[PDB]
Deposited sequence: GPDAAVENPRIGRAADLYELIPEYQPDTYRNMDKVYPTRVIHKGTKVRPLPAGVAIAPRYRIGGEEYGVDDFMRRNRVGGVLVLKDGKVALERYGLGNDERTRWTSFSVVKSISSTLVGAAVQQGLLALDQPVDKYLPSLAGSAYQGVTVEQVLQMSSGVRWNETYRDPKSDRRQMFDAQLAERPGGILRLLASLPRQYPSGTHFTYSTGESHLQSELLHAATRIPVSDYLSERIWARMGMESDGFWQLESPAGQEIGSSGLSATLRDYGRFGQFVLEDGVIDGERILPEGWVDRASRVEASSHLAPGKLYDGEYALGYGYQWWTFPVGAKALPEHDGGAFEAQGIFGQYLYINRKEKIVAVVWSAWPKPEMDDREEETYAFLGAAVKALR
């Protein structure tokens, strides 16, 4: 029994440890959000093959409780053939907790773009300014939807967070100003650096453009499009919600989604099944194939993971609260644990 430890909006990426779990599961109390509605039917996740994976790092072998405690894990879900093989909760979370996603939601945004392509609302080869005319006269004029999905626009972007004058840090600044169109204005201000389609620059704003494109093409809030295509169709057990740029504003395409552990899994299963729900192909043919073109994963800072191994039919969700955004020791340990669960499921 304790008063929740929720931080200032501006400290999301610098919270002290005792404030991280509470904030990560109460983003709706810190930021503008919109509900991602579930439907009436819920896709079952039946009890599967119970496993107890154990792995070796350096000299010592660790189990599940070791992995959770050492890495400050708030949730682990391992699904084999759509059945629950492993399910644990930590840091005070339970099965009804909605946990924030960070860059994990990028893959969700990306899948939604595929959904829009399947419905003829978006097309990869179409110019982005056609859907978002406020990007006319920017460097993004003429860049196609495809180039945006692949981070290949060639537009100059500074992703580093410690540079307060970084493009990522200005994007967060605009989010903190809570004004509609702030991120788009930033995106409109950027200059060209490489020719389109030639150079990869990981851009969180470019990743947000997916959300903007989706709202332009579907003409509905992105939360509702996710609800209609996935969340209420296959049937997630619980409402989700999505962090917005402004009150009743636009979904942050690159971070902000909160959902229960099993609902994260249901999205993963959807992807595992190539986006087919009850006979209806929600995703284009081979969209998942290309979307993972060389197993694939979504990942977000502080230890958020969505691992999908199609050949093994395995979906894994990992929620963590690492003290720093990227920690190599925790990355190595998480990949080790996941591999151990995969091997245990053969």
(request) Report the unmodelled segments of the deposited sequence as residue ranges counted from 1. (result) 1 to 5, 300 to 339
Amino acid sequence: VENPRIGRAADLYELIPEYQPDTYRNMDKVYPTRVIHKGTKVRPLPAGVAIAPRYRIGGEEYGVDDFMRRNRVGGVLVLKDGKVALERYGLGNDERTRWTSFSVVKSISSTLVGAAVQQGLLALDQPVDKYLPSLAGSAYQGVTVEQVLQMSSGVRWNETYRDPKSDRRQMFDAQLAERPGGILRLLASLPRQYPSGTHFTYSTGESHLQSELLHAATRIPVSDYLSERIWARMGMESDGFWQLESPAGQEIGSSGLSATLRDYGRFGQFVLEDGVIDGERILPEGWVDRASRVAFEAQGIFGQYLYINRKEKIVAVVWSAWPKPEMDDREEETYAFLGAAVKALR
From here on, numbers count along this sequence of modelled residues.
(request) Please work out which of 161 to 169 and 93 to 101 has the higher mean CA B-factor as recorded in the PDB entry. (result) 161 to 169
(request) Determine, for stretches 238 to 246 and 189 to 197, which one has the higher mean CA B-factor as deposited. (result) 189 to 197
(request) Going by the CA temperature factor in the entry, name the top one among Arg34, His37, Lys29, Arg281. (result) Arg281
(request) Among the candidates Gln175, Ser258, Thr111, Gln147, give the one with the maximum CA B-factor reported in the record. (result) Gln147
(request) Taking the values exactly as deposited, rank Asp263 by C-alpha B-factor within its chain and report the matching third: lowest, middle or highest. (result) lowest
(request) Quick one: classify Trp287 as lowest, middle or highest third of the chain based on its Cα B-factor. (result) highest
(message) Taking only the Cα B-factors deposited for this chain, tell me whether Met327 sits in the lowest, middle or highest third.
(response) highest
(request) Taking the values exactly as deposited, rank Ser227 by C-alpha B-factor within its chain and report the matching third: lowest, middle or highest. (result) lowest
(request) Report the third (lowest, middle or highest) to which the CA temperature factor of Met151 belongs, ranking only the modelled residues of the same chain. (result) highest
